[PDB]
Amino acid sequence: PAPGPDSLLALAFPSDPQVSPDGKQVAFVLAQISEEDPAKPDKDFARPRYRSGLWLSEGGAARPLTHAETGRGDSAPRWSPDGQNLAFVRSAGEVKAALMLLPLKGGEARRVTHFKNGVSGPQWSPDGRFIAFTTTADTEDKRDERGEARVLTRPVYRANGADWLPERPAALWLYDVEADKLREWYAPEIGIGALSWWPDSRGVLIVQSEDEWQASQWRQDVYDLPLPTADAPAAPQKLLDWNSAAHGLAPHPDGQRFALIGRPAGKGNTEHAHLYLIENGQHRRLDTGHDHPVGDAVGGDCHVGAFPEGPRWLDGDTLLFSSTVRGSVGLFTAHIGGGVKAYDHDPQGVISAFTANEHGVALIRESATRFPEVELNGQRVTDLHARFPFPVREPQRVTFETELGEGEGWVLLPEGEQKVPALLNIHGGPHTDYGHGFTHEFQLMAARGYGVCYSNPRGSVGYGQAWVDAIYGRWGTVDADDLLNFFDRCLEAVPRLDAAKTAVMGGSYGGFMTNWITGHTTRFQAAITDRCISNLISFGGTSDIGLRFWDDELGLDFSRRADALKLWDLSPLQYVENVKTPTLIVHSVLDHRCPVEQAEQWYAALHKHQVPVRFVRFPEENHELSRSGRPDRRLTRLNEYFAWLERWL
Amino acid sequence: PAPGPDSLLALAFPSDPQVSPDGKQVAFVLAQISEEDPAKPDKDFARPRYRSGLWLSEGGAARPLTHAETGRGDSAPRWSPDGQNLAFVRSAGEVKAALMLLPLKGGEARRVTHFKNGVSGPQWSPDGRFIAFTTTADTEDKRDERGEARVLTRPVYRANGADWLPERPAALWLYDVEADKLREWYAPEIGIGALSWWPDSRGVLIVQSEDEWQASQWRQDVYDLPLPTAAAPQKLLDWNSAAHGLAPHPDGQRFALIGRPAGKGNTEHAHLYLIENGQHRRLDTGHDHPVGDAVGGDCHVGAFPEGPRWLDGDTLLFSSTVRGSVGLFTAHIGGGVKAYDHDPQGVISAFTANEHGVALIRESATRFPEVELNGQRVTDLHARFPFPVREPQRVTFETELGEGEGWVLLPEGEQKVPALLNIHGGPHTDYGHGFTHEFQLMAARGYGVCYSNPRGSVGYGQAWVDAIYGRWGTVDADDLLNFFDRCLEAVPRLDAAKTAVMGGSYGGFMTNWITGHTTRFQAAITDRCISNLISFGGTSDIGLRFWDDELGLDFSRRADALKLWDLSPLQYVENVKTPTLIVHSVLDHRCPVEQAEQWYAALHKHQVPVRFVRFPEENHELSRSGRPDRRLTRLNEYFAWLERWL
Amino acid sequence: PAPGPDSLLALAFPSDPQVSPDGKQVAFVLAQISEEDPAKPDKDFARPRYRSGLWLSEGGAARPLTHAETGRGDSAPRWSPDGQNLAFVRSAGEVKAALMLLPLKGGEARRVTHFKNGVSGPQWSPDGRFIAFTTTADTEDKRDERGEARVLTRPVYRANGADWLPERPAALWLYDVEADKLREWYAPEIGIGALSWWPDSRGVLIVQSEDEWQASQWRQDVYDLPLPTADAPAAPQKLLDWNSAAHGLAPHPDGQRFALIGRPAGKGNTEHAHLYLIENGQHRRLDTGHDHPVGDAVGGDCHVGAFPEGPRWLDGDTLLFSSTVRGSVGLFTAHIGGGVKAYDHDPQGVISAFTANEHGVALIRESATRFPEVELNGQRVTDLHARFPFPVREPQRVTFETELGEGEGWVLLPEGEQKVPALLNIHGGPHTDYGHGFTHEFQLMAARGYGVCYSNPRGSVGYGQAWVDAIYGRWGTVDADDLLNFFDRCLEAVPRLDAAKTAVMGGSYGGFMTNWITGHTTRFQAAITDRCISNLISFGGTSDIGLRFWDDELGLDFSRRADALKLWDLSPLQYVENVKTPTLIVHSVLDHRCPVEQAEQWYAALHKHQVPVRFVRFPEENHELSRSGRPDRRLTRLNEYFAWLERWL
């Protein structure tokens, strides 16, 4: 009786670990899986849905604070600075996303905002006088319901996850706590990215672009926005000429300097995200001597909800942050006066989210063998791994050689000693890591008798900037070599892996690479290409990041004749005439990162060559289907994976 | 400009003051008036609605505990015996009436029950192990939506406040708190009235009737219902009469009840009776006044508990109506009645108590209802009253039974003003020292309000009640017109040329009777009236017993029916010349709308100026708790009629 | 296996027989019984409904012209004078009652009006240039849906057929046929009763009351309304000071004189309706030597829809009309120059509706043994009796003596010769007749083993004015005597009638009399009182005709003290203490003729005496339940009748 994809339904998903100001408590979000309407379920069609509530721990086993029975539930808990109140966002039917205020010592939450479109991103001011948030307020767009045309004049008009961008960006609003009054603060023309209060509560720092074109090129600046004074608020004032990517604003305790996460101008999206200290328009690198990116970039599929990673000053010299290192994610401290020091770094573990102050730290921790758990000051306060309904297995490391040094990957074997099929899984990005995140999909594959082989070829993100740069402008060369070398090393190192029953699969860049590999070797008996890329030229025109992705990743501009020919030579579809491998195609109609036209071309081309092919087309979902899509569609995706593997081995 | 009926919309209405077990806190219900759906209101039609939330005080200014924005809101707060949780009932849209559990030390409430028709009347067991409640569970009746006939075989099939009685009465259920499990306890064939746990939590006392006929005659008994084990109730008092307010004695064997023993009938004052081994003896001796609040007012929305409570083994706390006031008193096993908290100028309309504290709602003729805990006011609701309140003056009249009393509420200034004779219903209730927004609004709009307690009123001894038995329209009509004449003599500002007469229910009967026997009044407003006592007997939800108890007359017997016709104001309608406004609700089952239709037709046939305001959906309780917009409309129609005729 | 009430569902119901102008064709309405939505019926709840279409015959078997599949269907066919078009009214869902125009030589109907509340009573002008009709147009009344109060200042505010009366009465509109234009003609302040065009198409005659009070007293006048000329139409002009009851205006061919049906001012509602010739403010009786009322006043239960009976001039001297004579309804001609002559009068048959001109006649004919059929110029064109699903039986006449001469009634016996129960059935009115209408209910009673005894006591309408007047002011005396004497004569004349198993039943006045009889004798083993009267005083206040009924029928005014006491002495409820007979009470909540408070008092009183009693309370229905209510509720009423008889015999 081997486990199936519905094992997912047994899991509950933690997110957003928010430490209290006094450091002694953590409030977090837990998504459970329930019926859309448990009162009136459909006899013929099950409807498993995410439903979230707020949980609280003061050191011991966490307890629920809210009890949502309908709607998506409650999210985004935010402590008042006096520790007596939780602001949060509630979603229940026609209540899209309303700001709630919950007294923690007794009584129910009060609804603070009454907007048709709800709110997002609530942040208290440090003095507790204000709550900042964004909202599109009561603006109505009836073009879709009426069947009217959409007129497009802006370079980017779609975004994965948000679908169609609104004509007016969400405005920044201010909740006056003492006066119990709401007020618009700043309506941006383009949009507000990262936001953080100054520690004296005088205003906020915000990231925005100059125009839509600059935004499409991932070029942003930092602005100072003080509290409003008259009936007409003051406008933002440019405070850093950055002209590049920036988020994670971390104002320094002194109220004048601040850190940001990003990359200086010139450097493209392949550059490691790093920490930069800003002082009077000047910048210098803060996380020196640390050849690794800021933030979690390690694969996993048990993350639903918000995972905060904003850097936090523990004192006047010490900035706490997370960083991806060789398939792990640890906490580190950057120092104004010195280099980077480890703070909490298990090389076999992943810290996916954290909050901190001078009095305590809360985080979510996981490994390849341990489901995500919530911790407060080193003490686990959840028991979520115990819900995992079948035994987890431990991967074994297998290395391979490259001219830049040793690369690594892993093999997860089933029980027993008999021959088993070998599955080459390729992570996306390409600048992410496989390794020590928890992957329900991989554990399920091993529980169903497959050997899972997954690795970090050149291009992966946790092994230094040079390892990333090795594939610049030449996808399909040394990255493909590393993947097939790794897989060959797996077959040599683990004799029970059946070299006559192999498959190759991957998503996003891994979908590109699955298409590239099957077009360049017939060795695999089956392939599963997920949210794939087949035509790099059409990607440039249809993707929500097409106006800049190939420029940064390959130095190629699809709108220029000479570059377009190179992009066509890098396109797996050019070589599709050589594909003989039975291929399952999985794609979502509302994927704006890799538009479904990518999958349609691969499907049609394989059909024209009479290659066995199957195309699972998910509606409504986007790129994030395998990590956070609607539960029934995550089941269907997994069912289709195993059905294809069972047919071909 | 003068204030109008919309002054009602500024008010918030307190109810159900529940003292905590340790006596140091009070949780209560506050109804505010908001739009039915503030998100999508109708531009063309305002929809003000009652919406209730729970409030809490530990000695200081009360703070809100719940924040309902849709539906009727939250009601019926009940403390867990350990003081850490509040059970309550939530109604929000399609959620009809769910039992909720709110932890008081932090966190939101959890929903405990999931019935299509919701629940009512939750009561914790004293040990905290159980919550008892009633529900019709998921029973569905599609007769009305499909247009099928209703087959009636039972004597009583409608009840005011509700509509059509269900074929099966609500069953009593048990919530096992520790096990988080629900279970049906007892499905009665007729119905459960009062209910109270034994102090040892072994079971409950319940009031029931034997069959449909006994229920229609208001004859009930008390039963012992133990906790289920593998359970049937056993009769322990042969009462065959009216009983409620079960108050089990701390010793776990004796208990008190409010009611009357079988004999004289329901005109007898309700009293306190101690029960021991099927035996009863009156507990509130030497106190010729009824138990409970029977004083008029119009600022009571929600539940107003008055269940007696043992302060110790000898002392039973209860409320009683005395000459237009309602005070708290203590009855003693070893002695008589002692005053506990009795202002002869004030009304305590609801209270809860234990050995550690008391909470109550208090009001006067000049002071809006407020919540108190151990003598300290914890609300500021009078401050919401949007115009100045004025002080009534007392005016007496003489009868063969002694002095009767009434009051005049005058507007500001010194000029002549019209005189409005208002007649309270019942007839066995009192005017006096309850807060009446309607009367204050009348005075605020330039009218003199005259209101009194004629013989038949309830707070002046049993003899004062009995004086009208079997002869409505004699000495009660005399007292009202005697009182009114004394008002004109005592208060020269009252304009004897601009007079009106008005009243509701029995006051509607009397307004019709008076206009049919004198033309002295320039205008009349008859509200939820009675015009035909014969048809009332057949149509009213209490017609099978009301005239028998009140008059000794059976409409189904020839000789009695003729007497009922001689008591009917419609017999004398040929003498009415007074312009009359008729106010009635279509779903009034206490005084059915056929009463108003006959008066309307009769006046039309005599070409008497007449106007008939017919409210849908509302019932008898419109003026005290109807939907806010229809309470406004009723008041608007009152003043429009008075403005036309003065 | 004996037939049950569902035998009704096999029947189809004819109405409105409209002869063509050339006299060679008939168009009529046929209501069939179908499911509310035959596509989606309710598995647990059947919904049989009337659905009507138009039918046409030119001498032979009639054929359908319309094919309604949803809604109530099509009604009120009206020939254009050139014989080429049918106007009619269509009801289908949200299409409440639209004026349609159907070409008869080919093509489908066009919708002519577009009002929210539809139209009613279409009449072509004789020259074909206009169609007159009434409508409340697009007026909306939202008090009920909003829950607002209704303010009543008018003496009469309800009507049995229309429930609640509107604040503004339906206005008279004009359709300009050649111009295809609609136009308001006259908005009456009180209301328009009968209406007829002048033969020269110059305008219409209309009946109206002076004010609301006069209308409640059944006092009306005739007005002349010419065609409009300017933007504001000319007002109606008073043309006959009648101050009494009037309908059935029949303009004379000379264009100046006209006949009306009604009674002169002096007489009350007990006077036979007669024909009056009007000429320049003068009136004289036209149907002289004919001591019988105009119109069908004979009981039956197979009439659904409109049954026109308007008198028609066959020439300058001859007025065709129908009249009720001893339980029959025949056609007669009144003459300006002479007396009344029989035209088509079967003393065993009932002509319930007719239309005529100088070229032909169409009508509906029935008997006690013959279901209604449609005729054209003497030729039957339907086959509806063949649909009657069980054999009909023939009644036998039984007479009784009165001081005014011999009264008559009938016995309908079951098959066989064994003893059977005897049912005394009492017709309403009281000024109607039993006799020679077709009664499904009686045939079904006999088919289920009951002997049906039904008669015409003094008070009935077909035996002369004196026979009517005999009960004036003293209901419960000689009428009750005649009924029990007739019933006694039945038991004597038919020995198989079981005198130990008898029941008494009746509706309206028959309900009053059923209540009166059980309160004055215990001889009956069961009683069924239908839409009854128990309290004559409360009736005066609650009935839609209470302001005048007792005044005309008894000379008593419930609003006057001395009269009210007499009304109480005539009230069956005074004598309810003597009732011992198990009684079934049938009543409809929206009965405004006999309000349900009448039944509630009888029910309560019987309960107070512990007399076996059962109360069937129908929602939505009115007084007309047994003759035209919703089919499922006619079944339930009949089921309850037989269940009560089966329990007690």
# chains A, B, ... in the order shown; residues from 1 in each chain; ligands from 1

call {"tool": "residues_around", "arguments": {"residues": "stretch 630-646 of chain B", "least_positions_apart": "3", "cutoff": "6 Å", "atoms": "only C-alpha atoms", "output": "MDAnalysis selection string"}}
result
chainID B and resid 5 498 623 627

call {"tool": "write_last_selection", "arguments": {"atoms": "N, CA and C atoms", "output": "PDB file, in the first residue's frame"}}
result
ATOM      1  N   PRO B   5     -38.982  61.452  15.100  1.00  0.00           N
ATOM      2  CA  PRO B   5     -38.842  60.023  15.424  1.00  0.00           C
ATOM      3  C   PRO B   5     -37.454  59.466  15.177  1.00  0.00           C
ATOM      4  N   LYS B 498     -58.042  70.970  22.758  1.00  0.00           N
ATOM      5  CA  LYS B 498     -57.184  70.193  21.856  1.00  0.00           C
ATOM      6  C   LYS B 498     -56.766  68.928  22.604  1.00  0.00           C
ATOM      7  N   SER B 623     -44.014  48.604  18.688  1.00  0.00           N
ATOM      8  CA  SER B 623     -43.629  49.837  19.363  1.00  0.00           C
ATOM      9  C   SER B 623     -42.485  49.638  20.349  1.00  0.00           C
ATOM     10  N   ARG B 627     -38.787  46.371  13.745  1.00  0.00           N
ATOM     11  CA  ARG B 627     -37.701  46.823  12.884  1.00  0.00           C
ATOM     12  C   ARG B 627     -37.620  48.347  12.924  1.00  0.00           C
TER      13      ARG B 627
END

call {"tool": "interface_residues", "arguments": {"of": "chain B", "to": "chain A", "cutoff": "7 Å", "atoms": "only C-alpha atoms", "output": "mmCIF file with N, CA and C atoms, in the first residue's frame"}}
result
data_model
loop_
_atom_site.group_PDB
_atom_site.id
_atom_site.type_symbol
_atom_site.label_atom_id
_atom_site.label_comp_id
_atom_site.auth_asym_id
_atom_site.auth_seq_id
_atom_site.Cartn_x
_atom_site.Cartn_y
_atom_site.Cartn_z
ATOM 1 N N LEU B 65 -16.702 43.352 23.357
ATOM 2 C CA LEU B 65 -16.036 42.065 23.221
ATOM 3 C C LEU B 65 -16.149 41.485 21.820
ATOM 4 N N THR B 66 -17.268 41.718 21.140
ATOM 5 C CA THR B 66 -17.482 41.266 19.776
ATOM 6 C C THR B 66 -17.789 42.469 18.894
ATOM 7 N N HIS B 67 -17.606 42.293 17.578
ATOM 8 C CA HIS B 67 -17.737 43.387 16.618
ATOM 9 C C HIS B 67 -18.473 42.875 15.379
ATOM 10 N N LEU B 104 -11.934 34.194 27.345
ATOM 11 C CA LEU B 104 -11.829 35.589 27.762
ATOM 12 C C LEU B 104 -10.394 36.063 27.954
ATOM 13 N N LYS B 105 -9.438 35.155 28.113
ATOM 14 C CA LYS B 105 -8.055 35.548 28.338
ATOM 15 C C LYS B 105 -7.287 35.785 27.045
ATOM 16 N N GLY B 106 -7.906 35.558 25.888
ATOM 17 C CA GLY B 106 -7.247 35.824 24.624
ATOM 18 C C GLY B 106 -7.630 34.860 23.522
ATOM 19 N N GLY B 107 -7.863 35.380 22.327
ATOM 20 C CA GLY B 107 -8.262 34.573 21.193
ATOM 21 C C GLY B 107 -9.721 34.788 20.831
ATOM 22 N N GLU B 108 -10.067 34.306 19.643
ATOM 23 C CA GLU B 108 -11.408 34.496 19.122
ATOM 24 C C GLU B 108 -12.290 33.304 19.466
ATOM 25 N N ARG B 110 -14.799 30.141 19.069
ATOM 26 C CA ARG B 110 -14.979 28.961 18.240
ATOM 27 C C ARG B 110 -16.454 28.594 18.153
#

call {"tool": "select_by_dssp", "arguments": {"residues": "stretch 542-596 of chain A", "states": "alpha helix (DSSP H)", "output": "ChimeraX atom specification"}}
result
/A:542,549-554,561-569

call {"tool": "residues_around", "arguments": {"residues": "residue A:337", "least_positions_apart": "2", "cutoff": "9 Å", "atoms": "only C-alpha atoms", "output": "number ranges by chain"}}
result
A: 317-318, 334-335, 339

call {"tool": "residues_around", "arguments": {"residues": "residue C:201", "least_positions_apart": "2", "cutoff": "6 Å", "atoms": "only C-alpha atoms", "output": "list in words"}}
result
residues 125, 126, 198, 199 and 203 of chain C

call {"tool": "closest_residue", "arguments": {"among": "B:523, B:337, B:480, B:131", "to": "residue B:398", "atoms": "only C-alpha atoms"}}
result
B:480

call {"tool": "atom_distance", "arguments": {"atom1": "atom CA of residue C:270", "atom2": "atom CA of residue C:456"}}
result
15.8 Å

call {"tool": "select_by_dssp", "arguments": {"residues": "stretch 392-549 of chain C", "states": "strand (DSSP E)", "output": "ChimeraX atom specification"}}
result
/C:396-402,405-412,420-426,451-455,497-507,526-530

call {"tool": "decode", "arguments": {"residues": "stretch 475-499 of chain C", "atoms": "N, CA and C atoms", "output": "JSON list (two decimals), in the first residue's frame"}}
result
[["chain", "number", "residue", "atom", "x", "y", "z"],
["C", 475, "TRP", "N", -82.07, 34.77, 6.48],
["C", 475, "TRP", "CA", -81.29, 33.57, 6.22],
["C", 475, "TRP", "C", -81.35, 32.65, 7.43],
["C", 476, "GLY", "N", -81.44, 31.35, 7.18],
["C", 476, "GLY", "CA", -81.56, 30.39, 8.25],
["C", 476, "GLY", "C", -82.98, 30.01, 8.61],
["C", 477, "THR", "N", -83.98, 30.57, 7.93],
["C", 477, "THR", "CA", -85.36, 30.15, 8.14],
["C", 477, "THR", "C", -85.83, 29.25, 7.00],
["C", 478, "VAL", "N", -86.51, 29.82, 6.00],
["C", 478, "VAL", "CA", -87.16, 28.99, 4.99],
["C", 478, "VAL", "C", -86.16, 28.35, 4.04],
["C", 479, "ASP", "N", -84.96, 28.92, 3.89],
["C", 479, "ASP", "CA", -83.94, 28.27, 3.08],
["C", 479, "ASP", "C", -83.44, 26.99, 3.74],
["C", 480, "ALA", "N", -83.16, 27.04, 5.05],
["C", 480, "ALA", "CA", -82.79, 25.83, 5.77],
["C", 480, "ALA", "C", -83.92, 24.80, 5.74],
["C", 481, "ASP", "N", -85.17, 25.26, 5.88],
["C", 481, "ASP", "CA", -86.31, 24.35, 5.79],
["C", 481, "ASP", "C", -86.33, 23.62, 4.45],
["C", 482, "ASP", "N", -86.18, 24.37, 3.35],
["C", 482, "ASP", "CA", -86.21, 23.75, 2.03],
["C", 482, "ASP", "C", -85.10, 22.72, 1.88],
["C", 483, "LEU", "N", -83.91, 23.02, 2.39],
["C", 483, "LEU", "CA", -82.77, 22.12, 2.24],
["C", 483, "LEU", "C", -82.99, 20.81, 2.98],
["C", 484, "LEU", "N", -83.45, 20.88, 4.23],
["C", 484, "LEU", "CA", -83.66, 19.66, 5.00],
["C", 484, "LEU", "C", -84.91, 18.91, 4.54],
["C", 485, "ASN", "N", -85.93, 19.64, 4.09],
["C", 485, "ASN", "CA", -87.09, 18.97, 3.50],
["C", 485, "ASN", "C", -86.71, 18.26, 2.21],
["C", 486, "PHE", "N", -85.99, 18.94, 1.32],
["C", 486, "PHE", "CA", -85.49, 18.31, 0.10],
["C", 486, "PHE", "C", -84.69, 17.06, 0.44],
["C", 487, "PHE", "N", -83.78, 17.17, 1.41],
["C", 487, "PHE", "CA", -82.96, 16.02, 1.77],
["C", 487, "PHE", "C", -83.82, 14.90, 2.32],
["C", 488, "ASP", "N", -84.80, 15.23, 3.16],
["C", 488, "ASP", "CA", -85.75, 14.22, 3.63],
["C", 488, "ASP", "C", -86.48, 13.57, 2.47],
["C", 489, "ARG", "N", -86.93, 14.36, 1.49],
["C", 489, "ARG", "CA", -87.60, 13.78, 0.33],
["C", 489, "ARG", "C", -86.68, 12.86, -0.45],
["C", 490, "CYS", "N", -85.38, 13.18, -0.52],
["C", 490, "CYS", "CA", -84.43, 12.30, -1.19],
["C", 490, "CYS", "C", -84.36, 10.95, -0.49],
["C", 491, "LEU", "N", -84.25, 10.96, 0.84],
["C", 491, "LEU", "CA", -84.17, 9.71, 1.59],
["C", 491, "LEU", "C", -85.43, 8.88, 1.40],
["C", 492, "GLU", "N", -86.58, 9.54, 1.32],
["C", 492, "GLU", "CA", -87.84, 8.83, 1.10],
["C", 492, "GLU", "C", -87.92, 8.29, -0.33],
["C", 493, "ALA", "N", -87.47, 9.07, -1.31],
["C", 493, "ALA", "CA", -87.63, 8.68, -2.71],
["C", 493, "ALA", "C", -86.61, 7.65, -3.15],
["C", 494, "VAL", "N", -85.43, 7.62, -2.54],
["C", 494, "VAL", "CA", -84.36, 6.72, -2.97],
["C", 494, "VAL", "C", -83.99, 5.82, -1.80],
["C", 495, "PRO", "N", -84.61, 4.64, -1.67],
["C", 495, "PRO", "CA", -84.38, 3.81, -0.47],
["C", 495, "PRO", "C", -82.94, 3.36, -0.27],
["C", 496, "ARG", "N", -82.11, 3.31, -1.32],
["C", 496, "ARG", "CA", -80.73, 2.88, -1.11],
["C", 496, "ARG", "C", -79.89, 3.93, -0.40],
["C", 497, "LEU", "N", -80.35, 5.18, -0.34],
["C", 497, "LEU", "CA", -79.64, 6.19, 0.43],
["C", 497, "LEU", "C", -79.67, 5.81, 1.91],
["C", 498, "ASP", "N", -78.49, 5.75, 2.52],
["C", 498, "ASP", "CA", -78.36, 5.30, 3.91],
["C", 498, "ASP", "C", -78.58, 6.49, 4.83],
["C", 499, "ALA", "N", -79.73, 6.51, 5.50],
["C", 499, "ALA", "CA", -80.08, 7.61, 6.40],
["C", 499, "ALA", "C", -79.22, 7.64, 7.66]]
